[PDB]
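Below are two forms of the same protein chain, given as structure tokens: structure 1, then structure 2.
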Structure 1
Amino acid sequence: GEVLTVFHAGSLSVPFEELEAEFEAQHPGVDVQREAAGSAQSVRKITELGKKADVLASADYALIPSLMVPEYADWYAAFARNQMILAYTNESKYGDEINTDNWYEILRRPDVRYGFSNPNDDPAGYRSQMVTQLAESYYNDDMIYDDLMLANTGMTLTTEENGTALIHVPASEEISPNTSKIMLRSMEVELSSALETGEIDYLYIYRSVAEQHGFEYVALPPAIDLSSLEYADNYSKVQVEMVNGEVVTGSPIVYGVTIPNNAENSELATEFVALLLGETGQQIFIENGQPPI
């Protein structure tokens, strides 16, 4: 029996589960086998750990050209967008009080705990940092990032000659989050249960995931939420440097997919990517809360 191995970002879990189901229905006998991990880590499984996949889907298309081309990939297709929000539930502390204008004041309260993923492994993780630093200029409060992140982790920040803020992420084992304030996981979707059970009050994550789980959420200003092409110039004012030296830049969230050039089942992969980009895939993404490009 043939097998199609798909490596994908954690946030793609729900829609990709549907694609696997539809693809398997259209291709009896073929077993689509998915493996999820933060996008940077999903890519490194291929580029550093010697693992092989037929399809690689990332929550940040830019990781394909920056990490895979041309040794492990030669192209990428942009197929969806997303938006960063602050998720919560009816049991989250101060949930009935939080809104777009005061979310960071609520997170500043000592009895409130928030979660975000590992910036060294997951776009949702480095994006939580980008959004929070961009919030300083938007709300005219130069201590939002300092208070929420620098004071509670091993991350550090420097200002570049061009005025760009550069966030430095230490080795994963050295991020050392203040556990009374932060819960960290390798990828964003690993924090869903923590939010649902109340171990954390707020969660930096994609709007699509919040909608899929039925979480409530605070919409953030488009100038800082990485959702719109219109604000691309503002988003680029922040960058994150991973422990390995790779630098990612604030940008509109665009998902990208590719077929590694060392894939074992490239032909089947082509049919899968065709389904993803086609009308059936498009519909699955929109029904799961992710707008097209």
Structure 2
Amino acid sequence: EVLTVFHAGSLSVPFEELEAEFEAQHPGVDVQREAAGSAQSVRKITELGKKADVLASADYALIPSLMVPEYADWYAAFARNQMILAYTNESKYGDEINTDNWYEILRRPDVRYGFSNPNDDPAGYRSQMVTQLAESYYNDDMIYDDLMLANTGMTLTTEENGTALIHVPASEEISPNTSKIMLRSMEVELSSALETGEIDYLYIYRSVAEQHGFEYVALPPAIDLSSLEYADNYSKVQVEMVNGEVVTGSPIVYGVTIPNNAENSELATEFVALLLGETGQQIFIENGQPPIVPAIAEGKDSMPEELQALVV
């Protein structure tokens, strides 16, 4: 028996642990994972005619947006990422920093922080969103100005409806104050720089911090993009990139489905049951991608009975 699983690259570590566990309890089974970007993984099914037993997206909304109803009848939001501020024992004021004061530490002139290119990398525009959202949370209307506007060519306007709009110029025009900011397209350059102490703090996902053994400051769920329940707070910030595309703050939440054309749906059910069950929950916890428990499903009445038991 073969089980074909198409998953987002960022699900690679937990899905490997899932594959091992699944093969252990099911001796006959060959689990064949294919990792790609989330939209790319979906398009294999919805455009390229490829058949998977399981599709897991790093943005759950791609599923209803591109697969429903032709390729899927249900989906489940099962885990999340969360923006954090990473540091190490070599970072300035690392002993002082906490959820209440992180932006005050970053305002100190001798502290340097890193984030990804907001044109290129969702981690990049997400660092801007989280910093702007902080203003309303901590009642301090100068956080984004002091940390980002004062030190880059990014600008900010307020759209008639109250929404904060961050404008990112051409990458070559962001021109960061390099005493305050390290900005890179390649995330590995930023995590290397944090490790050597070239930067003090780094805006990245919790999963990436845990993989590197970095310390981190957990940020309030009202601002950290992790939580379905704060979706209306997150949408109060938008980012416009050089090309004109606009992105809106929103929860970073993973989704799963078994496609309508799965060649082994019964084996897929067993795999998703492992994923949504206690075993999969611990695996996700251990990779810094906290599970949503029970998972929240749409189209629950069309799900296999076994999976219905594992969703809200």
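Residues that one form lacks are left out of the comparison. Think of the rigid core as the biggest set of C-alphas that the two forms share within 1.5 Å after superposition. Here, residue number means position along structure 1's sequence, counting from 1.
Listed options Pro252, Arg108, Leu150, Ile98 include one hinge residue for the rigid-part rotation between structure 1 and structure 2, namely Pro252. The interdomain rotation between structure 1 and structure 2, with the chain split into two rigid parts and fitted on C-alpha atoms, amounts to 39°. In the rigid-core superposition between structure 1 and structure 2, residue position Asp233 carries a C-alpha shift of 0.3 Å. CA movement of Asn262 between structure 1 and structure 2 equals 19.3 Å, with the two forms superposed on the rigid core. On core superposition, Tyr61 has its C-alpha offset by 6.7 angstrom between structure 1 and structure 2. Displacement of the C-alpha atoms by 2 Å or more across three or more consecutive residues between structure 1 and structure 2, following core superposition, is confined to the runs 2-81, 187-190, 254-293.
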